[PDB]
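Student: Encoded as structure tokens, here's the structure I'll be asking about.
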Amino acid sequence: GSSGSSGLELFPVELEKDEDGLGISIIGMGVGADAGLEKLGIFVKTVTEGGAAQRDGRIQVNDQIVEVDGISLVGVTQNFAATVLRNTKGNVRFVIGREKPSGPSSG
């Protein structure tokens, strides 16, 4: 049983580009950095007040775009992610990763 524990809520989120594309910000972070085995994590720095991602409500700030329109934004430098978000078109499928629960909770 080698090391490994990946339990994140990966769900596809459709977004329709607007006069100003999506209208969301991303941040370049280093997830699980193991010297050189680090996996850059593209997170949502913020969401434009009244943007495509905002209006939607689905995508939130601090979110993690694991994938986009199928493109993987894992272990990739912001640049890459930036490029993707720049490649995106009208409709874009953002697969955010939310922390799943673990145990029975009341209300």
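Going by the structure tokens order, chains are called A, B, ..., each with residues numbered from 1, while ligands are numbered from 1 in the order shown.
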Give me, as an MDAnalysis selection string, all polymer residues having an atom no more than 10 Å from residue 89 (chain A), counting only C-alpha atoms and skipping those fewer than 5 positions away in the same chain.
Tutor: chainID A and resid 15:18 21:22 69 84
Student: Could you give me, as number ranges by chain, the residues within 12 Å of residue 32 (chain A), counting only C-alpha atoms and dropping anything in the same chain fewer than 4 positions from it?
Tutor: A: 4-6, 36-41, 74-75
Student: What does the file look like for those residues with C-alpha atoms, as a PDB file, in the first residue's frame?
Tutor:
ATOM      1  CA  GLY A   4      -1.663   8.129  -2.030  1.00  0.00           C
ATOM      2  CA  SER A   5      -4.838   9.923  -1.019  1.00  0.00           C
ATOM      3  CA  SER A   6      -6.859  11.803  -3.610  1.00  0.00           C
ATOM      4  CA  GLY A  36      10.869  18.516  -7.879  1.00  0.00           C
ATOM      5  CA  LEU A  37       7.791  16.315  -7.778  1.00  0.00           C
ATOM      6  CA  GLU A  38       5.617  19.314  -6.997  1.00  0.00           C
ATOM      7  CA  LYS A  39       2.237  19.662  -8.665  1.00  0.00           C
ATOM      8  CA  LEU A  40       1.367  23.270  -9.406  1.00  0.00           C
ATOM      9  CA  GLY A  41      -2.270  23.883  -8.554  1.00  0.00           C
ATOM     10  CA  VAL A  74      -2.680  20.041 -12.792  1.00  0.00           C
ATOM     11  CA  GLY A  75       1.052  20.209 -12.183  1.00  0.00           C
TER      12      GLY A  75
END
Student: Select from region 7-79 of chain A everything DSSP, run on the backbone, classes as strand (DSSP E), then give the selection as an MDAnalysis selection string.
Tutor: chainID A and resid 8:16 24:31 39:47 65:68 71:72
Student: Can you tell me, as a ChimeraX atom specification, which residues in chain A count as helix (DSSP H, G or I) by DSSP?
Tutor: /A:52-56,78-87
Student: How many Å lie between CA of residue 70 (chain A) and CA of residue 96 (chain A), rounded to one decimal?
Tutor: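 Going from CA of residue 70 (chain A) over to CA of residue 96 (chain A) covers 11.8 Å.
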Student: Which polymer residues have any atom within 12 Å of an atom of residue 62 (chain A), counting only C-alpha atoms, with same-chain residues fewer than 6 positions away left out, as a count of residues only?
Tutor: 17
Student: Expressed in Å to a single decimal, how great is the separation between CA of residue 51 (chain A) and CA of residue 82 (chain A)?
Tutor: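 So the answer is 17.2 Å.
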Student: Hey, can you check how far CA of residue 68 (chain A) sits from CA of residue 11 (chain A)?
Tutor: 10.9 Å
